[PDB]
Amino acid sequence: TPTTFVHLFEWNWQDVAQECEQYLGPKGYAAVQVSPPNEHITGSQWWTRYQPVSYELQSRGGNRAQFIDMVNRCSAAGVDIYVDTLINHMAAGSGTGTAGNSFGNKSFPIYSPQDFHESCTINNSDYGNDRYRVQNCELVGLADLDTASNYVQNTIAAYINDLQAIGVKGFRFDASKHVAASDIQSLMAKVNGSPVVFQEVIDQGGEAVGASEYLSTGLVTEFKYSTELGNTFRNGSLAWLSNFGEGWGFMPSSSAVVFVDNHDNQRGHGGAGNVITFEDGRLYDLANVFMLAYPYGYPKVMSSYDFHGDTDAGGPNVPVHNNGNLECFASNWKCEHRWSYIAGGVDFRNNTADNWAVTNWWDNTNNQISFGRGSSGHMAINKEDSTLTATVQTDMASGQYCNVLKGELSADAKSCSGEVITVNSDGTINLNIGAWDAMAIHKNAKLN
């Protein structure tokens, strides 16, 4: 069962199409969040993608034909496409777009100066005490669209509907906090059917505009999850996570899109140093294992490129699928969605989707935890400096299972490629996990 999606940050359409066929589909990922496919300003920075010029599908990722080809191939492989949609603004200043269109002084090929709110700057203190400025003024000089206008709404809705006709199944509404929830409700009344929609709203508390305001228009990104998870794994006790979710004050599970990190917060935008990223290696492995095994939210695995400390830098000069060579795991694309622990976590979530409860929670009061998903699976994380050798109770059938974080079951189900975990006749497991390691077993990776 599909339960997890992935953000292929800055991946071109050819690399995504191939990735769907060779890896994402066979591994069970549900969908791919692509970078903005519409026309945007020229320049190599990654953020040029967030300054639209028009709604033509000609971007750094490729052209319209390549985009349509990617949707078809991913769809045939059983993987959906979610498009990052800019509903709040257009590009700042003036210049040229990736399809040749010119713009300047709030004048674009599809919008006139009268289609935007009058210019004013959003100050940091506005977030806490002025919802009007937050939703009507400019986010770092980006031309703020008049989202209450029937013309503006029809124009964005027409773009969304065209993407659906091509086969796109979902949308990420970028900068949703800067658009009145009522403007979004009006917009949705113009969108055909009911696609998957998730809204980016950063709400850590004490904001004039809250995340809860967007619960009726679709899913909402729960940024408290990324921040708290990262803070607990780095500075707290894993034992505290026994009631992670609504118990910590997060939004309802069924409404939340969660993650260990995203493209903004791994760069310091909307997240501090406590956010765990690929740079943290095994720490990142363990945090993803927890998120993918824990039954809260709809997770999205991050897929990055090594930016070498340059937070403005665009992606690698080489494609992921380069002449039969895979440019992953080194100083170009990191390909976290391929990391053993992470893909194994996705496999675990997909195979325990019939039991969303946390059963038989166990911990050593600090950094060692273990819990099940009923008789569908069980897992354990050891973040201490000594071996975890406790005997834990499970609801699983006795037998031998592959630790899916370190390998998989063979086609004939007679062997595993990694270590074997034994569930005794009484349902217990005698753990043997080294420092900073983990194990996860599920009912569909049982031997012989």
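Note that the rigid core is defined as the largest set of C-alphas that superpose within 1.5 Å between two forms. Start at 1 with the first residue shown and count on from there.
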Check: Superpose by the rigid core: which stretch, 137 to 145 or 271 to 279, shows more Cα shift in 5 other deposited structures of this protein?
Finding: 271 to 279
Checklist line | Which of 30 to 38 and 411 to 419 strays further in 5 other deposited structures of this protein - Cα RMS after rigid core alignment | finding: 411 to 419
Next item on the list: Could you check which stretch, 238 to 246 or 208 to 216, carries the larger mean CA temperature factor in the entry?
Entry: 208 to 216
Checklist line | Stretch with the higher entry mean CA B-factor, where the candidates are 218 to 226 and 179 to 187 | finding: 179 to 187
Next item on the list: Using the entry's values, work out which of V201, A77, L292, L145 has the largest Cα B factor.
Entry: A77
Notebook entry, point to check: Per the coordinate record, which of the options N123, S304, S340, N288 holds the highest CA temperature factor?
Noted result: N123
Notebook entry, point to check: Is the Cα B-factor recorded for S417 in the lowest, middle or highest third of its chain?
Noted result: middle
Next item on the list: Ordered by C-alpha B-factor within the chain, which third holds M379? Give me lowest, middle or highest, please.
Entry: lowest
Next item on the list: Relative to the other modelled residues of the same chain, rank the CA B-factor of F103 and answer lowest, middle or highest third.
Entry: highest
Check: Looking at the C-alpha B-factor of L447, is it in the lowest, middle or highest third of its chain?
Finding: highest
Notebook entry, point to check: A411: which third of its chain by C-alpha temperature factor?
Noted result: highest
